[PDB]
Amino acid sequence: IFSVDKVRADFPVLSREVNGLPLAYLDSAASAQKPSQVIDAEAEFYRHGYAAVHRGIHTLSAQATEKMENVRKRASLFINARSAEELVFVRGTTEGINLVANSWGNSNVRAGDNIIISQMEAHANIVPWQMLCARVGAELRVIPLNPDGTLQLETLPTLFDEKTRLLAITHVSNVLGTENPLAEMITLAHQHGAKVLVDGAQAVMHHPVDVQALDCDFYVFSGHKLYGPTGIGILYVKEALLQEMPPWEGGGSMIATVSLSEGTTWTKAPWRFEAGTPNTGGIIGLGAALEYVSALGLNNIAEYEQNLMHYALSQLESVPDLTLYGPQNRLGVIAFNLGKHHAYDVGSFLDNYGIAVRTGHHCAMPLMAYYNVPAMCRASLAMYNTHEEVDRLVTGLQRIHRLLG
């Protein structure tokens, strides 16, 4: 079983003080703190093994190339992909969705077709599809929300038809913590010959993820939310689809031959999708992050996090005029507003107590408009957060209510 005290000892930032007070970092959903095992893995690579990685002849470059492809394999086992060659290294979830929207979207979505997203999507999983629809003359359809923060699944019959080419859907909402019924939705999408891209950026740190069981066609997530470095993420694509997709970015290392008189030919996937020097440092650090999370055990993480979440929700019942958004069985995050005070003010008072929460629209403006608010507060309850930090949040909201009420 899990011991939050030993876990916290791996995270140096958690010793930090903010505004003279001990930091309570409740913003992991915006980005996760990193353990020293991850920080030092990157640092030690730069200190002792660094080189360029294009199967270079000399030793450092050959060894670096092998470390990178080892991380690709470790990542593929983490999400239970059938093959390491189904994974592309991207800068993050956002770049991965843009890669699909251009390479796959431009070749498979035509004027008169439609694409389906949900009203809870983050902007990362909205804007690239809006751009695609405008490029090719297709229509963007939206699964709407229920008041409790779940999808109105009853509307799916009116949204899916013969011309639906793609469903793009979040696994876990970055605002509400809603977890969507992906496996059933993917069965329905496949019945119409539509593909499914899953935005899993908020799912992969809370419980095991299995893309063969899901049967999704595309899956994306970001290293920096998985206790890993910035600048690196993973795009999974089914081998049969990936092998047919044209390149997006052009340049070195994604070509087979370059000729100025007879044109250029591309290499095989996944390397066809990785142009120029990869983010080798980020890849090393991501691999260490996967090892760290796997050693703790995602089912142990899930169990501790669910207990912490149940504790928080129970304690927050004693905050007057607190509005919560989303379902009772939320994962990871609690979205809320305090009476009629603006989220910006509530977040500033919490920061002044040393408590980091996120405020604003959370890169989900359509979700804010559904609830008819301009902004919300969001507290993240991650694997290194404690009952004590929950108590500080509850007390701070109580103090803020008294002071400003």
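Residue positions are given as counts along the sequence shown, with the first one as 1.
- Annotation for 90 to 98 versus 253 to 261: the higher mean temperature factor (C-alpha) is found in 253 to 261.
- Of the two stretches examined, 70 to 78 and 321 to 329, the record assigns the greater average C-alpha temperature factor to 321 to 329.
- Set against one another, the Cα B-factors of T280, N307, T178, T230 in the record reach their highest point at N307.
- Split the chain's modelled residues into thirds by C-alpha temperature factor. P246 is in the lowest one.
- In the deposited entry, the Cα temperature factor of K34 sits in the bottom third of values across the chain's modelled residues.
- Looking at the C-alpha B-factors along this chain, the one for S61 belongs to the middle third.
- Per the PDB record, residue ranking by Cα B-factor puts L338 in the highest third of the chain.
- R272: CA B factor in the lowest third of modelled residues in this chain (values from the PDB entry).
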